[PDB]
Amino acid sequence: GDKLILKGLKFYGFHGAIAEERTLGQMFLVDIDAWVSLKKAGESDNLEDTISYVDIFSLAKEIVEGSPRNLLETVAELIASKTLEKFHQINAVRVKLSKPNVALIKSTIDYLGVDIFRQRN
Amino acid sequence: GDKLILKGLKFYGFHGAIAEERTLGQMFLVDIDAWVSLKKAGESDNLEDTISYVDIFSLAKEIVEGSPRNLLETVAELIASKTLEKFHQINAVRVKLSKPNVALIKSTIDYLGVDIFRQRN
Amino acid sequence: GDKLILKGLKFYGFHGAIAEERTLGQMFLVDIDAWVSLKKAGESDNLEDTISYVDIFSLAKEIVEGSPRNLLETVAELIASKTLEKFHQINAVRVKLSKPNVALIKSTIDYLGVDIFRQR
Amino acid sequence: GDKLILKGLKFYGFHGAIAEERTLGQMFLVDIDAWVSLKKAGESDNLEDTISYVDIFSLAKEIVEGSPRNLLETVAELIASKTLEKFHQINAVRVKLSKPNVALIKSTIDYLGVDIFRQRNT
Amino acid sequence: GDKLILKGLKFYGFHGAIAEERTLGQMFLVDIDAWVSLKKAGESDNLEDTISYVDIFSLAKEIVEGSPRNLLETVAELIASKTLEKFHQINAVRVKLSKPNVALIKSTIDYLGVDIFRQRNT
Amino acid sequence: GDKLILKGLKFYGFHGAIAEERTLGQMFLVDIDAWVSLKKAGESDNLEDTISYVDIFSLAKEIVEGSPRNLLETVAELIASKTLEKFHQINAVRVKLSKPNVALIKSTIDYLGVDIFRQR
Amino acid sequence: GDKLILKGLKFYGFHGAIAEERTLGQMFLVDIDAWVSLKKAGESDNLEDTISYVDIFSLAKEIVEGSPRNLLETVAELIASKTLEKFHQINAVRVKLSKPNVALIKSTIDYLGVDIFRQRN
Amino acid sequence: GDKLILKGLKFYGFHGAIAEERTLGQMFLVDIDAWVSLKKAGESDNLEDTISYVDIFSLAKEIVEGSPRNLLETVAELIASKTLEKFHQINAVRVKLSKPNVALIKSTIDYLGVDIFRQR
Ligand SMILES: Nc1nc2[nH]cnc2c(=O)[nH]1
Ligand SMILES: Nc1nc2[nH]cnc2c(=O)[nH]1
Ligand SMILES: Nc1nc2[nH]cnc2c(=O)[nH]1
Ligand SMILES: Nc1nc2[nH]cnc2c(=O)[nH]1
Ligand SMILES: Nc1nc2[nH]cnc2c(=O)[nH]1
Ligand SMILES: Nc1nc2[nH]cnc2c(=O)[nH]1
Ligand SMILES: Nc1nc2[nH]cnc2c(=O)[nH]1
Ligand SMILES: Nc1nc2[nH]cnc2c(=O)[nH]1
């Protein structure tokens, strides 16, 4: 089906399992794929017929910059469940949350993270 | 099956919900996947046995740079419908229309956009 | 299941529908996913149990740099058929052939190309 | 299913069939996708309800930087096996191992490598 | 002489002549070079003997994201003058302020910007 | 002293020595450094006391996408002369014109081009 | 001016004033330019007529990954004085030490750092 | 003043002190800035009034892929020395020769190399 895409959202947060990460913070990367039929809106050109990717972006921002949690799993789940709950027309959502800079990892990487898929339950 | 790929097409355009957006304009990124059996052409080396990506390119350009619409959905929808309409050989099209620079977003992102798939009817 | 991956191969060739493209040539981008079981080789660690990706690399290179063809479809199709023919161990080949610099396109793009999948 | 992602891990190693490769060594790139349910940890926010991607990273680092083998196939296989062996919770694992720099090739490429998918079979 | 470096600072502001630019806003790219002797701080390992690049960062962030101006020149001028006014130890400052996304330009570019060098004249 | 910077300008043109290049064309990359005092404008905030970078952009754009020339030297010369001729306050101009995709070159490169400095 | 060039050296270390930085560590970027006449070596092809850039790299690596300091100024100063002290043929050194990931900065940057130049004596 | 620029040239060569480096080889990155007045050619649009950067590219390629040298300094010295000797119009040459992949270094860098300037 059709989908709204929010790619490479960069936000500063305070999530982490190491106590120090929760008071120092770091950058996070977020990809969000929201499944929704966009044909009605594509034929009417009326924003009310779709869901604004700005409201989905805003929701993601509030969560990532929110209260510090220990795991990316928790934050991604929050983003996913929050998105489905706030926007009833969304059928499913895929959230990829990552840390491009992992503390104590000495060598070079792109990022380490989680990748979850959630359908309307 | 097989597919013609048009990746990272950048076009300046005036689409947007905000009034000033339709005035100033901005850059839009387009990804197009045209589903069509390419075996015939690959075994004949005759351009007439396939769809020229140049023609798909120009059709997409004309749209994106055209009369301003409010939503990316409407623009991607036109590209899909018009592509299927003009090239009967194509069986289905996937269109990804995104804005690398979303007005008012103060944080870094790659892009925000829509992603639709349309089979021939 | 398993596969050998050749990503981002760059070769200068002379393919194209416009006559001048064929005499001037240009750069082409090649991606190849060769479907072949790799567990055997993964456990013996001997070369006889797999195919050299360097052999797959050379075959594509020779084709892309070979005789000029009008379409990318023809080149990709050649790579696919040639690969399956050259290595019986291969079960399927996915070939992506693109042009990062398309003549007469006056605006920025990643590339325009083809993407075929051919099973034995 | 949910999965843990380790993308673009860069490690120096000495694998290869050519003796000069085992002497000189080179950089290897690896992507790992660990299939594992993250719902429980997503609800508890307790690191114990999941598998630390740091642990997977360090197991992978140890393998690639370890005893030199002839083929990528073999190293990718060790990574998959040891991962499954060390982390019961993980249902499957996809490992992509590649060489950005293939010796003797005069032209530019991104990388040549392997892509395997493994689960605990009989 | 020595210098603190602030490279590729990205900020969202509303500078510009065009009316639509003032309301919509856009991203701005900023490089800052601050000429200042670092030998002392490099020997005492004391943050107070040098100028914290965070303070220089904050000053610039406040300018660029602050009150709207028609020209990058004006903004660049303000950053330079304010930096020199705030930290008497800096002897000179070079500011490079650019717009990576210039409205109404149909083709691609890296950016269009200004590059000024200002030395303490007071 | 101060200068207006136009970095990484991409324009499609038909310059070149090879007859095929003239027919097909290709992308060209342009960097322009214009030395001119920005203090006055920096204090007045009036676009009138400076040079619009869009004016420089347009001049170079009309040149590169224009009539085909043989050399990058010629095109770059046109840009520099035209810029100085149009804005006397410009003390000097530096023009970097390059070709990222050079015909017949098989290996990878960033680009080949010219880099001139012109004053009055 | 003839010189040896070490560009973009990435090393993990623990420098910084914040306690969390000292604990967690982070990536550091170093560029080193070593001015020395290379004409003799360029004509003799004798390593002895030049300075091995591997020894200068190795020296820098030990410093950045070594004993933690509060300031980048200090680390850079150490690399400079040590390089000049150990390799007498070096006429002057330029050290650019930077932090690509500055803690508690919510916006994007390339990096913040120091750039120092030190001549023999 | 003016100069011809050859940026980011990637050539495969076999230079190095370690024996294995000479048998295996590696990629080398070369930047070349050749100083030469381009004013005449810029006004005449005649290739003969300038030096073709394709020839400069060719020379450099020949040297980097030729007989192995122990040091980068030696290769860059030849590149400069040979360019000045083959093209009398060049007044000076700056050669940057680097190794993006240094054997046994496992920390990630951009490159290690040399940077020399040779005047007529
Ligand atoms: N899986 C997982 N592992 C971690 N190791 C350290 N932090 C995390 C996290 O958030 N998720
Ligand atoms: N989904 C969607 N959301 C928007 N929000 C603002 N503009 C758009 C648009 O074009 N599509
Ligand atoms: N599909 C396709 N279209 C082209 N248009 C010009 N050349 C080609 C080609 O090789 N394939
Ligand atoms: N498949 C495969 N082919 C190679 N050719 C050279 N080395 C290798 C390797 O490790 N795996
Ligand atoms: N030089 C300069 N030119 C412009 N043209 C439009 N806006 C500007 C600006 O801020 N500075
Ligand atoms: N110097 C120079 N050499 C070329 N060789 C082919 N075209 C050109 C050009 O425009 N300038
Ligand atoms: N100049 C400078 N400023 C800092 N601010 C916080 N840490 C540092 C440092 O190491 N150097
Ligand atoms: N300066 C320099 N140092 C090296 N160390 C190892 N090889 C080289 C070389 O070619 N030049």
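Residue numbers (the UniProt record's numbering), protein chains in the order written: chain A, 21 to 141; chain B, 21 to 141; chain C, 21 to 140; chain D, 21 to 142; chain E, 21 to 142; chain F, 21 to 140; chain G, 21 to 141; chain H, 21 to 140.
We put the beta carbon where it would ideally sit given N, CA and C, even for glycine.
Residue of the options minimising C-alpha distance to residue i
i: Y73/E; options: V56/E, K60/E and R89/E; result: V56/E
i: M47/H; options: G133/H, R138/H and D53/H; result: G133/H
i: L26/C; options: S127/C, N121/C and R114/C; result: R114/C
i: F34/A; options: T94/A, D69/A and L24/A; result: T94/A
i: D53/E; options: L29/E, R89/E and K59/E; result: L29/E
i: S101/D; options: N90/D, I83/D and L44/D; result: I83/D
i: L92/H; options: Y131/G, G45/G, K60/G and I129/G; result: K60/G
i: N141/A; options: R89/A, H108/A, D65/A and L49/A; result: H108/A
i: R138/B; options: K119/B, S127/B, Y131/B and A96/B; result: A96/B
i: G36/B; options: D65/B, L117/B, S127/B and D130/B; result: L117/B
i: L58/E; options: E68/E, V50/E, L49/E and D51/E; result: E68/E
i: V122/E; options: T70/B, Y32/B and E63/B; result: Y32/B
i: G21/G; options: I129/G, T128/G, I71/G and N111/G; result: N111/G
i: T103/C; options: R42/C, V50/C, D65/C and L79/C; result: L79/C
i: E105/G; options: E40/G, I76/G and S64/G; result: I76/G
Where the beta strand (DSSP E) containing residue i begins and where it ends
i: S118/F; result: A112 to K119
i: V134/C; result: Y131 to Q139
i: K27/D; result: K23 to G33
Backbone secondary structure at residue i - three-state DSSP
i: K60/E; result: coil
i: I76/A; result: helix
i: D53/D; result: strand
Continuous alpha helix (DSSP H) stretch holding residue i: start and end
i: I99/H; result: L92 to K106
i: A39/G; result: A39 to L44
7 Å Cβ cutoff, residue i in contact with chain A
i: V56/B; result: no
i: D22/D; result: yes
Residue-chain proximity (residue i, chain F), Cβ-Cβ < 7 Å
i: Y32/C; result: yes
i: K119/C; result: no
i: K126/C; result: yes
i: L92/C; result: no
i: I136/E; result: yes
i: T70/C; result: no
i: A123/C; result: yes
Residue-level contact to chain G via CB, residue i, 7 Å cutoff
i: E82/A; result: no
i: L29/A; result: no
Neighbour flag for residue i against chain E, beta carbons, 7 Å
i: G133/F; result: no
i: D130/G; result: yes
i: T103/B; result: no
Any chain C beta carbon closer than 7 Å to residue i
i: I38/B; result: no
i: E63/D; result: no
Interface flag, residue i vs chain B, CB-CB below 7 Å
i: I99/A; result: no
i: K116/A; result: no
i: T142/E; result: no
Chain H contact for residue i (CB, 7 Å cutoff)
i: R89/F; result: yes
Exercise. With distances taken from each beta carbon to the nearest heavy atom of ligand 4, which residues come in below 6 Å, in chain order?
Worked result: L24/C, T70/C, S72/C, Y73/C, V74/C, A37/D, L91/D, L92/D and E93/D
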